[PDB]
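In: My sequence and its experimental structure, below.
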Amino acid sequence: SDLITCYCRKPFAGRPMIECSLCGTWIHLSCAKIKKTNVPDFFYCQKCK
Ligand SMILES: [Zn+2]
């Protein structure tokens, strides 16, 4: 049984996800507009910034 934590109402489903460095919620990297080639050391979601 999978989890939904990202703001697009869609579950993990094997998709890479990054943690909100502040609120802790897990955001799909695609939704966070993050390329696998450049990944922030600290990430902040829309709610927390
Ligand atoms: Zn997502």
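Out: In hand now; what should we look at? Residues are numbered from 1 along each chain as shown.
In: From now on I want contacts and neighbour counts done on CA atoms only, so please keep to that.
Out: OK.
In: so residue 30 sits in a helix?
Out: Yes. The secondary structure assignment for residue 30 places it in a helix, going by DSSP: H, G, I helix; E, B strand; the rest coil.
In: Count the neighbours of it for me.
Out: When counting by other CA atoms under 10 Å, one arrives at 13 neighbours for residue 30.
In: how far away is it from residue 12?
Out: Here the distance between residue 30 and residue 12 works out to 11 Å (CA to CA, to the nearest Å).
In: Looks like residue 4 contacts residue 11 (just checking).
Out: Yes. Distance between residue 4 and residue 11: 4.3 Å, which falls inside the contact criterion (CA atoms under 8 Å).
In: Now residue 5. Nearest residue, chain neighbours left out?
Out: Counting by CA to CA, 6 or more residues apart in numbering, residue 5 lies nearest to residue 26, which is 5.7 Å off, once chain neighbours are set aside.
In: Do I have it right that the one you found meets residue 8?
Out: No. Here residue 26 does not reach residue 8: they are 11.2 Å apart, not a contact under CA under 8 Å.
In: which one of the two has more residues nearby?
Out: Between residue 26 and residue 8, residue 26 has the larger neighbour count (other CA under 10 Å), namely 19 against 10.
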